[PDB]
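Visitor: Residue numbers (PDB author numbering), protein chains in the order written: chain C, 4 to 74; chain B, 2 to 511; chain F, -6 to 459; chain L, 2 to 161; chain I, 106 to 156; chain J, 106 to 156. One structure coming up, written as structure tokens, with questions to follow.
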Amino acid sequence: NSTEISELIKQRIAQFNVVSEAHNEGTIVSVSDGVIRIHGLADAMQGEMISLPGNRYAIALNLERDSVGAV
Amino acid sequence: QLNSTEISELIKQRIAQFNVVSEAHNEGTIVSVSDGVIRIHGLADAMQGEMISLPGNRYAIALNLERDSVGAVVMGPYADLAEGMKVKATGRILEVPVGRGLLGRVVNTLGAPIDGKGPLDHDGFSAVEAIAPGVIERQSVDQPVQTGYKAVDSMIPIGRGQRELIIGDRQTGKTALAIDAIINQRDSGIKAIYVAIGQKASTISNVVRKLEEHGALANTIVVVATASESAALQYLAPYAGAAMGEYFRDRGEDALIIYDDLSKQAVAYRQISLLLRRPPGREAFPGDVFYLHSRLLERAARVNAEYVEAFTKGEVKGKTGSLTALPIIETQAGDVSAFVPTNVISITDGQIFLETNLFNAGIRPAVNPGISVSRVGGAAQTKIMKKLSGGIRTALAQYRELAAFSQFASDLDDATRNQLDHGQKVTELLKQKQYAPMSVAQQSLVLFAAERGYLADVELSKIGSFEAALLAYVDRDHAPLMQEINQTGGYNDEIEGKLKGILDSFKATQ
Amino acid sequence: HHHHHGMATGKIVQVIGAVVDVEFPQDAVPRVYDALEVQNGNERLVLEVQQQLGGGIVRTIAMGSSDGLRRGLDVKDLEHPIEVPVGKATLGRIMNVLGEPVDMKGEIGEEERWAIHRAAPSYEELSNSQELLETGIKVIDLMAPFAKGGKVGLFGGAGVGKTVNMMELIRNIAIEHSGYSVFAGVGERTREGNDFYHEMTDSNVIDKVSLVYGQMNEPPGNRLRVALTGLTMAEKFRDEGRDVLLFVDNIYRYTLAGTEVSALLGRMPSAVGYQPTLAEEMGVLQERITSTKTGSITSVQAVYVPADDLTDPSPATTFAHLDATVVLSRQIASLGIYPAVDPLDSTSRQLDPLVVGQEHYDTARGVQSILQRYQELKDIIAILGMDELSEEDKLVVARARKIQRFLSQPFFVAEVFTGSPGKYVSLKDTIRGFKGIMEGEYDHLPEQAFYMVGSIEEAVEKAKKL
Amino acid sequence: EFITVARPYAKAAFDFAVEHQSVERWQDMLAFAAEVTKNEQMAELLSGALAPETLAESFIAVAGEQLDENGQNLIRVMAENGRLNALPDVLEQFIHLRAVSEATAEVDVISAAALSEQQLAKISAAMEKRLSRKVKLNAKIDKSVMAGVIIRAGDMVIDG
Amino acid sequence: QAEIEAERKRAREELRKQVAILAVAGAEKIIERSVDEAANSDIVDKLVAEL
Amino acid sequence: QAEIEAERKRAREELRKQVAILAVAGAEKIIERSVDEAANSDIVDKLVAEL
Ligand SMILES: Nc1ncnc2c1ncn2[C@@H]1O[C@H](COP(=O)(O)OP(=O)(O)OP(=O)(O)O)[C@@H](O)[C@H]1O
């Protein structure tokens, strides 16, 4: 989950204090079959359909806090 | 005195002496033992499933490798012992003697002559489970049997390589009927096997009484597994049989086996699985039974010479591995909804329903015909047995068809009356006892009623049983040629003359 | 192979099961399909990633078994799954279920390491169209129409001469049809499979179709594998324009196969744990089989009976996968006729009334009236003395004797078997010769004259022989 | 105690720490931290605390904050994670970090303990026993060794 | 079937006589292999006095 | 009836293997003396030699 980083926990050494990545694009966190835990896209809009890379606006309905799961 | 020299011999044996070794473990720490399920650590990566001979001998075969995490088990008494105890590791699972030596030899399920036999007749060591022979390594043997019912053969003859389900009835004999089977088999004095788990010592004992009562008692062997036989071990025996079963099948001899109480292996895998805290299939046991009885159910190999390596490999032995499988099918109500009974049911090369009804209302042979359906069939019925075997389903129809007439009170017709003469009276013909052998020179005895006038002749069940037995007399009177008959076992009208004049002796035999 | 040069991966994390609890080169993950080929002890291991899951830790599975190895590992990643030598060269040559040279090296012709993934065409691509089919079976292709490049539900019990008629299919699909005639099977009896090699000599025409077999003990993935590579094959035949028509063994093996599949997933499977998408796999399936542009992508549709299920979401799907319904008559086998099977329940769907219009709405639909004619003529007129029955009912019994005898006809199979030559038949000689003759014309044509005799020149000129 | 969360830790320890060379430096900082939780009032008070901010606060604060800022803002990282609950996991995994990095060792059989760092087998080992000198094996000296070969021997007395 | 039993019993009884008889030899070879597996040195001075 | 005495042999001789078992049991005691009697830390230096 969180500990997975250890590289962004390597960051988080500072980057738990260091911060501020909020963007409409943070990484797809976990890719299996169009279900990806995913990052950034902080506040994103309703099921916000996110025009996907080479792919349709991708929708994530209720905000999965850590890594939004996607469709 | 006598065995003192043995000490020297032992001293001779112990002459091999000893050394300390393995300065670095070479051992684990059996982290948390819980009821033989040990959270366990140390000496981690290895042969998966390695039976690791722990204190005592206990060789814990645990194929469960979590990354880094151990837990392990072997059948036995883990209650007093404590966790953490350094893992004493035998390298893997083992092999008990691999050979055909046993004949009818007796033992624990380990082969431990729990008979007190002490007897080991098998070569070397045999690990348990194995696959079937390939194309023309298994190839159909038609070798028939008439098993102690004339109808035994009559319904469905067979040959080596075959597995047919027979549904079974609790407390009906369908173990004791299932027992009543072996008559011709002990008589067969031919290669077969049988297995049992959770067994009952009384049934064991008296069973043995029958074993001696069974003439052979050595014609085939079985190891024994009792009410404490591990759910593991329960799963194990089916694996076990192949071990030296090769020393027939590989010997190119017919291997043949019998497995029963397979449910014990299943819910064995259940209390395993729930014990494993592992989500199983329904009934708390994993669905491996497919694979478990894929791997398990595969083996049956009818004699075929692409077993060209079987036994001597091939020092020919270029030859025909015969493996005939003996199923045991029973359930309360005989429930097929069991995914086991479902898929398993599919694998069956025959499916016999046993009717509790006949022996229920008491008719000694109880079974459910045509509800009993086996694919092998009277192909193995020899030319006459091939010949005369036809009319069965007929009265299964006809008699039962005749039965339908009752449905309207007073509906019958003289023709139909003849369909209860053949249907019901010829129904009165057949029987098989609580203990029934079958002669198969009795094959003739069968072909009489049509062949002889025995349809009419001695039509009285009084005279059928009686006067027919008096025809067994007429054999006492005249049974010279039956030598050449059971010798023959085939349809030749030349005989059939002797069949008519036989029926004359039946007049003489009443 | 693909890459998997480099051994990739890493450990098998928790060593349980063929699916991978495994450290791959953790950054390394392929397409879940995209294979990973390790060394399995001695063996070279391989798993197409069962899961796509990170850290080089994802399920990656195989039809085999894992006991004995270390959790530690490294597993080369075969960048391609699915690519295996494939094409039409295999024809007749024995492929393992691996395609491996099944026989003494069966050497199904090594061809494109070819992706299994060949699949549905564009609306137009394989035929936006309809393509009808018949090979001219003596009494049969006449009896039922068919649509080219497809599969149709087969219901019949025993005594088919399915191998015989297969020789008629050799005599057709190989002979009386050119389009590349391929077939495959799985889950048989060992030396009885070898006896289908005996039969493979009976037809002898085995060369049309690579020998690739399952031998049902094959594990569930093993059991369920061969198809899409089969599409790397029709990726020759139909794609080769020599219309792919390949005979299709086993549904129960496939139905139950997908059951064991989604079971192994532990997933919410289909109902009763079956493969949830197995039907969608049928959409991919008929999606594969079309009378194509390329060449008609056709398949012999016969099912390992998924227990011959009742209402059978399989037959439910196999209905509408049956352009023609099917039955085989032990009774016409009891009639034993060269037409030995059940014409009852066997005809194309739309043939008679329309789509042949009268052509079968007259010859064949009116012919079905004749099925009523010997149906109640033979049957009803059989009930009691048929003296009541107009001799038409007894010329519906010469529809039986005479005409139904004409149905009994030599077979291109029986040529390839008993020598009884048979043909690609002309239903004109049915639609006329057997329709007019069987009905009103030359009703003096003997049964025997007609019996075992082909179209109304063989039956009715055998009525010149009478 | 999962130590796997702490695996990602000791990961980031050799990683960011040794990257910062805090593998030693926050071997020191880390040392002081295990000293902090080692404080049993600090255990007695360990978790009542809802705000993990309160925790890293009174933690670096209480203890004296010898943690790095990599370990102060990381103190936000694990403290916030609350995975900070288990101190020693990645402490012995960091001992395994630098040490595994440095690994050379030994184990005394039939002997009082050895642990002579041997980069190779028999390297410092046969050099130690040969080097013995010691040669006594005192703990496991005789009854253990002589019961080792004689252990195999009684194993032959299995003949009884 | 009845009779043979008693005899068999006597046989085992003799096995008990010769058994106790064998106790001697077991003490003997007992110390013997003791020195053998001693495999370090043999002091037969120490008397185990095994039966 | 004969087979009975046969078991009297399997069991008679079996017990011979028993008193065997106890036999090198008490022998094993004698070997405990064989560590007691005539053991040497020199021999321990022979294990040290086994290094
Ligand atoms: N052919 C037979 N005819 C009449 N009785 C039979 C026959 N076979 C067995 N029995 C009777 O069955 C009784 C023993 O019942 P048993 O427990 O074997 O029933 P069961 O059918 O075996 O139940 P299960 O099959 O579940 O063990 C015996 O008294 C025996 O006489």
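Idealized CB from N, CA, C, for every residue including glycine.
What is the chain-ordered set of residues for which the beta carbon lies under 7 Å from any non-hydrogen atom of ligand 1?
Guide: The answer, residue by residue, is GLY169/B, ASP170/B, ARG171/B, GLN172/B, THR173/B, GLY174/B, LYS175/B, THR176/B, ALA177/B, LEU178/B, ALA179/B, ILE180/B, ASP181/B, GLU331/B, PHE360/B, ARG365/B, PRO366/B, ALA367/B, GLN433/B, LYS434/B, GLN435/B, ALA437/B.
Visitor: Going by beta-carbon coordinates alone, are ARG84/L and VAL6/L separated by less than 8 Å?
Guide: Yes; because the gap between Cβ atoms is below 8 Å, this pair is in contact.
Visitor: Counting only runs of 4+ residues fully inside the segment 189 to 234 of chain F, write out the alpha helix (DSSP H) ranges in chain order.
Guide: The segment 189 to 234 of chain F contains these whole alpha helix (DSSP H) runs: 213 to 217, 220 to 227.
Visitor: When the Cα of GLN49/B is compared with those of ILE31/B, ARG68/B, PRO78/B, which residue comes out closest?
Guide: When each option's Cα is compared against that of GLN49/B, the closest is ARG68/B.
Visitor: Check for me: the alpha helix (DSSP H) holding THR417/B runs from which residue to which?
Guide: 415 to 420 is the span of the alpha helix (DSSP H), which, as asked, contains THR417/B.
Visitor: Starting from the beta carbon of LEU120/J, find every residue of chain L whose beta carbon is closer than 7 Å, and list them in chain order.
Guide: Chain L residues near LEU120/J: none, gap ~12 Å exceeds 7 Å.
Visitor: So that I know if they touch, is there some Cβ in chain J lying closer than 8 Å to that of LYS130/L?
Guide: Output row for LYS130/L: interface = yes.
Visitor: Starting from the N-terminal side, write out each stretch of the alpha helix (DSSP H) that is 4 residues or longer and does not extend beyond the segment 127 to 201 of chain B.
Guide: 151 to 156, 177 to 181, 184 to 189, all fully within the segment 127 to 201 of chain B.
Visitor: According to DSSP, simplified to helix, strand and coil, what is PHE249/B?
Guide: Reduced to three states, the DSSP call for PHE249/B is coil.
Visitor: Less than 8 Å between the C-beta atoms of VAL446/F and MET226/F, yes or no?
Guide: Going by C-beta atoms, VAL446/F is not nearer than 8 Å to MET226/F.
Visitor: In whole angstroms, what separates the C-alpha of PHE3/L from that of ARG278/B?
Guide: Approximately 20 Å between the Cα atoms of the pair.
Visitor: Counting pairs of Cβ atoms below 8 Å between the segment 159 to 170 of chain B and the segment 129 to 145 of chain B, do you hit three or more?
Guide: Short answer: they touch.
Visitor: Please list the partners that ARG153/L has in chain B, where partner means a Cβ-to-Cβ separation under 9 Å.
Guide: Within 9 Å Cβ-Cβ: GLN18, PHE19, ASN20, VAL21, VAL22.
Visitor: If distances are taken between C-alpha atoms only, which option among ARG138/J, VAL129/J, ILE126/J, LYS122/J comes closest to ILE148/I?
Guide: Nearest C-alpha to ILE148/I: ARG138/J.
Visitor: Thinking just about the alpha-carbon of each residue, which of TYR455/B, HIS479/B, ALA480/B is nearest to the one in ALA469/B?
Guide: With distances taken between Cα atoms, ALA469/B lies closest to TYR455/B.
Visitor: Closer than 8 Å, CB to CB, is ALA154/J near chain I or not?
Guide: No - not a single Cβ of chain I is within 8 Å of the one on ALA154/J.
Visitor: Quickly, what does DSSP pair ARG138/J with across the bridge? List them, please.
Guide: For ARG138/J, which the question treats as bridged, DSSP gives no partner whatsoever.
Visitor: From the beta carbon of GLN106/I, is the nearest beta carbon of chain B less than 8 Å away?
Guide: Not closer than 8 Å to any Cβ of chain B, the Cβ of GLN106/I fails to qualify, so no.
Visitor: When you compare the CB of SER263/F with every CB in chain B, is at least one pair closer than 8 Å?
Guide: No, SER263/F does not count as interfacial toward chain B.
Visitor: Determine, using beta carbons only, whether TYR173/F and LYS286/F come nearer to each other than 8 Å.
Guide: Result no, Cβ atoms of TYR173/F and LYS286/F do not sit closer than 8 Å.
Visitor: Which chain L residues are close to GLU133/I, counting only those with a beta carbon under 8 Å from its beta carbon?
Guide: Within 8 Å Cβ-Cβ: nothing; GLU133/I doesn't reach chain L, min ~16 Å.
Visitor: Nearest by alpha-carbon distance to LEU278/F: which of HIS314/F, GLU16/F, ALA167/F, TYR206/F is it?
Guide: Among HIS314/F, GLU16/F, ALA167/F, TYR206/F, the Cα nearest to that of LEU278/F belongs to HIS314/F.
Visitor: So who's on the other strand from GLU105/F, going by DSSP bridges?
Guide: Bridge partners of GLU105/F: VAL79/F.
Visitor: Note down, one range per segment and in chain order, each beta strand (DSSP E) of at least 3 residues found wholly within the segment 142 to 188 of chain F.
Guide: Qualifying beta strand (DSSP E) stretches, in chain order: 174 to 177.
Visitor: Give the secondary structure of residue 518/B by DSSP, where H, G and I count as helix, E and B as strand, and everything else as coil.
Guide: The displayed coordinates of chain B run from 2 to 511. Any statement about residue 518/B would go beyond what the structure contains.
Visitor: If you count every other CB in all the chains shown that lies within 10 Å of the CB of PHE176/F, and 16 or more means buried, which is it?
Guide: Buried, since its Cβ has 16 or more Cβ neighbours within 10 Å.
Visitor: Taking the DSSP output, what are the residues bridged to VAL19/L?
Guide: According to DSSP, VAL19/L bridges with nothing at all.
Visitor: Could you compute how far the alpha carbon of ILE9/F sits from the alpha carbon of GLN43/F?
Guide: So the alpha carbons of these two residues sit roughly 14 Å apart.
Visitor: May I ask which residues mark the beginning and end of the beta strand (DSSP E) holding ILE41/C?
Guide: Element bounds for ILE41/C: 38 to 41.
Visitor: In whole angstroms, what separates the C-alpha of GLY29/C from that of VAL74/C?
Guide: Their Cα atoms are separated by approximately 16 Å.
Visitor: Give the range of the beta strand (DSSP E) segment to which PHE507/B is assigned.
Guide: Segment 494 to 509 is the alpha helix (DSSP H) holding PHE507/B; no beta strand (DSSP E) there.
Visitor: Looking at chain B, which residues of the segment 223 to 251 of chain F have a Cβ within less than 9 Å of any of its Cβ atoms?
Guide: Those would be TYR245, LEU249, in chain order.
Visitor: Do the segment 67 to 80 of chain L and the segment 19 to 26 of chain C make contact, defined as three or more Cβ pairs closer than 8 Å?
Guide: Output reads yes: the segment 19 to 26 of chain C touches the segment 67 to 80 of chain L.
Visitor: Can you list, in chain order, the stretches of the alpha helix (DSSP H) that have 4 or more residues and sit fully within the segment 229 to 267 of chain F?
Guide: Qualifying alpha helix (DSSP H) stretches, in chain order: 245 to 258.
Visitor: Only counting the same chain, and skipping five residues up and downstream in sequence, which positions put a Cβ closer than 7 Å to that of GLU253/F?
Guide: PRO213, listed in sequence order.
Visitor: Compare the C-alpha of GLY288/B against each of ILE330/B, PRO342/B, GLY242/B, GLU254/B and name the closest.
Guide: Nearest of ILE330/B, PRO342/B, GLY242/B, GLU254/B to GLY288/B, Cα basis: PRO342/B.
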